[PDB]
Amino acid sequence: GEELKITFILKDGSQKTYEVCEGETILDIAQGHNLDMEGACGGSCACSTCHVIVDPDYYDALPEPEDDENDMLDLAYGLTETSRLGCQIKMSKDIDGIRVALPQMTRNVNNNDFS
Ligand code: FES
């Protein structure tokens, strides 16, 4: 088929560069691949860890969320000019070489496990 990819900047600063399909979501790849990362949305009724930021190349085409939706971003440290929403934007033909950064996360309160 046409093929696509996603780069994530790790909470460890590393780059990881993953082959995915169209219509896949960014927190959904991050925890679906179990990147070396912090977050909890992959658990059963656990979805409140929406926090990513984009490359200014692949943002420049992207929409802005509601005040309850963009709050799920703010929960991670150091929110930026190109912050993006982990269950509200996905891979399409225009993404072919996209990046995001995976920010450090304040509090998720799972004690032992989310999955
Ligand atoms: S990925 Fe869970 S709040 Fe968006």
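All positions are counted from 1 along the displayed chain.
From the backbone N, Cα and C atoms, a Cβ is placed for every residue, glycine too.
Features reported for this protein in Swiss-Prot:
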{"type": "DOMAIN", "residues": "4-106", "note": "domain '2Fe-2S ferredoxin-type'"}
{"type": "BINDING", "residues": "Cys41, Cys47, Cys50, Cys87", "note": "[2Fe-2S] cluster binding site"}
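Structural mapping of features recorded in Swiss-Prot.
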{"residue": "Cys41", "record": "[2Fe-2S] cluster binding site", "Cβ within 10 Å": "21"}
{"residue": "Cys47", "record": "[2Fe-2S] cluster binding site", "Cβ within 10 Å": "14"}
{"residue": "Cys50", "record": "[2Fe-2S] cluster binding site", "Cβ within 10 Å": "25"}
{"residue": "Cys87", "record": "[2Fe-2S] cluster binding site", "Cβ within 10 Å": "15"}
Summed over the domain '2Fe-2S ferredoxin-type' (4-106), the DSSP helix, strand and coil counts are 14 helix, 27 strand, 62 coil
